[PDB]
């Protein structure tokens, strides 16, 4: 049996089983040429996780590794939580306990990563905003069961997420949406789902939010830890609150599903007065071992 190293890394947590897993296969010592896309696809389909990734030798010395990223259904050109977990796994696979930055090679091109005391961070490639009709809004309010404190909007962050705010964290936490109504409305509206959030008003850390991500149209009624969602939330918050300094949003998620994800979304004011969107989290290897491959 050929076996290569394998780690299943829990992303957005330091505590096992509280985050969102990514299976990461170490193909750093085999020729990517000699591994078919169908083989890769089959492995991702079999693990049945949101994504399964594969580490390969980079195309050029300026990158530390190439990452191929797969869902059970297709290859993605990029995703956030797999990037973070794969970075953690790489460090471990290569016995590296000192790197503070790395550059990942993937379909999207170069993705610089920083590591700060376990906090792994990259710039989100996409975070666009777009207003939604008041009709859409009223219907979504119907589906969620709550009035929003600001107009929701459509955020393009990879997936098509509606972001909507409620009065506080508790209200968001305790929401009980009608999932079939949401699947109906999102299907009708071509959206993946809704990101619901509310502020933790008496938190020591400012700009702390509770978030929830609901995607019943793709049969993820609730995503327990949703990285593309925190970028949406970040980008939304910028439009609504129009921050002038670099602002960190501290997002907690997943407690209704008995998880506990932590995501740090940075709205970074660049030297050109432009804005960039960073996502960061801890990750912890939960399953460590090897996997049989062809």
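Positions refer to the first chain, counted from 1.
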Inset, instruction - Name the higher of the two by mean Cα B-factor in the PDB entry, 35-43 versus 48-56. - result: 35-43
Legend entry - Stretch with the higher entry mean CA B-factor, where the candidates are 24-32 and 239-247: 239-247
Legend entry - Residue of maximum C-alpha B factor among 121, 71, 188, 86, per deposited coordinates: 188
Legend entry - Deposited CA B-factor, highest of 97, 157, 114, 104: 157
Inset, instruction - Would you check the entry's CA temperature factor for residue 18 and let me know if it's in the chain's lowest, middle or highest third? - result: lowest
Inset, instruction - Report the third (lowest, middle or highest) to which the CA temperature factor of residue 81 belongs, ranking only the modelled residues of the same chain. - result: middle
Inset, instruction - Using the B-factors in the PDB entry, rank residue 139's C-alpha atom against the chain and give the third, lowest, middle or highest. - result: middle
Inset, instruction - Classify residue 90 as lowest, middle or highest third according to the C-alpha B-factor given in the PDB entry, relative to its own chain. - result: lowest
Legend entry - Chain third (lowest, middle, highest) by recorded CA B-factor, residue given as residue 66: lowest
